[PDB]
Amino acid sequence: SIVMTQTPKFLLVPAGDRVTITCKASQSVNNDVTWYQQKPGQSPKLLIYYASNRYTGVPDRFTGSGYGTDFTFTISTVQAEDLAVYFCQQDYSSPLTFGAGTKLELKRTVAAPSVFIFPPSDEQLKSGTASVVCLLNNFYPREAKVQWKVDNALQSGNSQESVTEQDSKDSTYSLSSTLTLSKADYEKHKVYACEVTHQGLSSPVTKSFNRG
Amino acid sequence: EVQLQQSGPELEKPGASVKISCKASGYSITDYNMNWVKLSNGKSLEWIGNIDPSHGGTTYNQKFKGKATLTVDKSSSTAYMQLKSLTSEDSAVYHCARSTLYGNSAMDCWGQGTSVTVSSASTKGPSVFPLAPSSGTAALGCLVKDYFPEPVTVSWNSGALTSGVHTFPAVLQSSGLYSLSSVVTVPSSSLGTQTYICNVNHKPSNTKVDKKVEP
């Protein structure tokens, strides 16, 4: 099949910057190139067709160009809402094939997380397990270190975390970490703490509670 | 007013089959081609094939011949894709999307996607626990624990609350079960005067839970 080679794989720019993405077809595909945008949690949307035509309703900051093998897609001034994977498609001949995508990331100013801790609910405690949740909200950049401590003892192997995609309005991330203990173990300790290290903080922030 | 409405998520055992539907409204399905595409976690989008809904002709990507069968029920304006002989390689999100009948295949309207998980593990519905706000912005949430397969949906206040919501990617526990949290930040002043309820749906287990999150 025809291979579409899309570069770069990732772009990181502040709002207002221009970007150009490239797709190179492995053979001539004339003008049979389409560009789509896929925002987090949404299906792809059509932006450009026949290489250079904007689809109805698409903002004029989006353009495309090319004929033959070398195709580009340009955002003249990137906006926060443009956080998305952009991908090209050829339909010169079957099968339709797609580039591997370019993830457009928004650079914004450093923002320290707001840190919140949640004890297990009494509802969960009835069931025999205890989940403690630490939330790091609306921070930038994405890198962050979360350490769980129970009665000042560092925990390992009993927590999991995940991070949202960048927010489409403020360009921040959030992170949720869950410490999972048996109810019996939870009820043998007092102080539950999550300690957060992040480039927006001058020293680590610890949020804690005393069981009971 | 054009919409493509796909059937819900499905858990299937290896070796089984699944038939995904894609109902067209706001236009006549026979006026446009219908395409199907696959997206596996951490892979590139792949085109499965197309169908002319008016007269039924099909083109398949050779990679999917013997795996996918495309049909249309004109009377109900519904396109179908049957996936046969399922393996873990078929776990993915599948979309239908329309394009012109006689021209280019720029896909201008897409269905919402259908998640298919192929696994021998049994379905399990989640438990939903409050993340209660406590000691001018407050955070609260719901913990959606121990379900299989993905996905779940979470809304707040029946969709009336969207600002400040963060629903996190699920994590897979050693038990083979997923867990996720959904949080929202709100004005502290609202905790005694605004109700906060998370609405959780895990369609594969027919689980629907509304949980009030009390300060």
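- This entry lists X-ray crystallography as its structure determination method and reports a resolution of 1.20 Å.

**Some points on the interface of chain B and chain A**
Then, number 1: Each side of the interface is counted separately: chain B has 38 residues, and chain A has 39 residues.
Then, number 2: Here chain B packs against chain A, burying approximately 3100 Å² in sum over the two surfaces, 63% of which is carbon and sulfur.
Then, number 3: At the boundary of chain B and chain A, one finds one salt bridge.
Then, number 4: Note that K211(B) is salt-bridged to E123(A), the shortest N-O span being 2.8 Å.
Then, number 5: Across the chain B-chain A interface, the total number found is 12 residue pairs in polar contact.
Then, number 6: Elements with a minimum of two residues in the side of chain B that touches chain A: strand 4 (32–39), strand 5 (46–51), strand 12 (127–131), strand 13 (137–147), strand 15 (165–167), strand 16 (171–172) and strand 17 (178–187) of chain B.

**Things to note about the domain arrangement of chain A**
Residues and elements named next belong to chain A.
Then, number 1: Domain parsing of chain A yields domain 1 (4–107) and domain 2 (114–210).
Then, number 2: For domain 1 and domain 2, the distance between their C-alpha centroids amounts to 38 Å.
Then, number 3: Of the roughly 550 Å² buried at the junction of domain 1 and domain 2 (both faces included), carbon and sulfur atoms supply 53%.
Then, number 4: Where domain 1 meets domain 2, there are zero salt bridges.

**So, the sheet that holds strand 13 (residues 129–139) of chain A**
Residue and element names in this part refer to chain A.
Then, number 1: Spatially, four strands are ordered 12-13-17-16 in an open sheet, and the strand pairing comes out antiparallel. Because the sheet does not close on itself, it has two edges, and the strands there are strand 12 (114–118) and strand 16 (159–163). Looking at each pair of strands side by side, their axes are set apart by 15 degrees on average, direction ignored.
Then, number 2: Alignment of strand 12 against strand 13, held across five bridges, turns out to be antiparallel. Residue pairing across strands places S114 opposite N137, the latter belonging to strand 13.

**Some remarks on the pattern of salt bridges**
Then, number 1: Counted according to the given criterion, the structure contains nine salt bridges over all chains.
Then, number 2: Of the charged contacts in the structure, one is a salt bridge between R98(B) and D108(B), with a shortest N-O distance of 2.9 Å. One end of the pair, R98(B), is in strand 9 (residues 92–100); the other, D108(B), is in the loop between strand 9 and strand 10 (109–110), with 10 residues separating them in the sequence.
Then, number 3: Taking relative accessible area as the criterion, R98(B) reaches 7% and is therefore assigned buried.
Then, number 4: Between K145(B) and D146(B) there is a salt bridge, with the nearest N and O atoms lying 3.3 Å from each other. The exposure classification of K145(B) matches that of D146(B), with both residues buried.
Then, number 5: Beyond isolated ion pairs, a larger network of salt bridges with shared partners links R61(A), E81(A) and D82(A).

**Remarks on the nonpolar core**
Then, number 1: By size, the foremost hydrophobic cluster in this structure holds 26 residues, and its most contacted members are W35(A), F73(A), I75(A), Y86(A) and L104(A).
Then, number 2: Those elements that place two or more of their residues in this core are strand 2 (10–14), strand 3 (19–25), strand 4 (33–38), strand 5 (45–49), strand 8 (70–75), strand 9 (84–90) and strand 11 (102–107) of chain A.
Then, number 3: The element that contributes the greatest number of residues to this core is strand 3 of chain A, accounting for four residues.
Then, number 4: The residues touching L104(A), leaving out its near neighbours within four places in the chain, are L11(A), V13(A), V19(A), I75(A), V78(A), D82(A), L83(A), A84(A) and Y86(A).
Then, number 5: Membership of the second largest hydrophobic core comes to 25 residues, among which are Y27(B), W36(B), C109(B) and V116(B).

**Observations regarding the domain arrangement of chain B**
Residues and elements named next belong to chain B.
Then, number 1: Per the domain assignment, the segments of chain B are domain 1 (3–118) and domain 2 (127–212).
Then, number 2: Between domain 1 and domain 2, the C-alpha centre-to-centre distance is 31 Å.
Then, number 3: At the junction of the two partners, domain 1 supplies four residues and domain 2 supplies six residues.
Then, number 4: Roughly 420 Å² of surface becomes buried between domain 1 and domain 2 when both sides are summed, with 81% attributable to carbon and sulfur atoms.

**Concerning the state of the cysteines**
Then, number 1: In total, this model carries four disulfides over all chains according to the counting rule given.
Then, number 2: One disulfide in the model links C23(A) with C88(A); its S-S distance is 2.0 Å. Handedness of the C23(A)-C88(A) disulfide follows from its S-S torsion of about -85 degrees: it is left-handed. One end of the pair, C23(A), is in strand 3; the other, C88(A), is in strand 9, and 65 residues separate them in sequence. In terms of burial, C23(A) and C88(A) fall into one category: buried.
Then, number 3: Counting only the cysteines that form disulfides, in the order they appear in chain B, gives the pairing 1-2, 3-4.
Then, number 4: When the bonded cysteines of chain A are counted from the start of the sequence, the pairing works out to 1-2, 3-4.
Then, number 5: Of all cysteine sulfurs in the structure, the one in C96(B) sits closest to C109(B), which takes part in no disulfide; the separation is 8.2 Å.
Then, number 6: We classify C109(B) as buried; its relative accessible area is 13%.

**Focus: the environment of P119(A)**
Residues and elements named next belong to chain A.
Then, number 1: Along the chain, the position of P119 falls in the loop between strand 12 and helix 1 (122–125).
Then, number 2: A sequence separation of 118 residues divides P119 from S1, and the C-alpha atoms of the two residues are 54 Å apart.
Then, number 3: Those residues in contact with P119 that lie beyond four places of it in its chain are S131, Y186 and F209.

Quick notes on the rules
Residues numbered from 1 in each chain as written, not as in the entry; some residues may be left out. Chains lettered and ligands numbered in written order. Heavy atoms only, no water. Contact = heavy atoms within 4.5 Å. Buried area = accessible area lost by both parts, 1.4 Å probe. Salt bridge = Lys/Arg side-chain N within 4 Å of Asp/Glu carboxyl O. Polar contact = N/O pair within 3.5 Å; in protein donor to acceptor, adjacent residues only side chain to side chain. Helix = DSSP H or I, 4+ residues; strand = E, 2+ residues; numbered from the N terminus. Domains from an automatic or database assignment. Pairing = 2+ DSSP bridges. Axes fitted to C-alpha atoms, helices over the stretch in contact; angles between N-to-C directions. Buried < 20%, exposed > 50% of the residue type's maximum accessible area, 1.4 Å probe, protein only. Core = buried A, V, L, I, M, F, W, Y, C linked by side-chain atoms within 4.5 Å. Disulfide = S-S within 2.5 Å.

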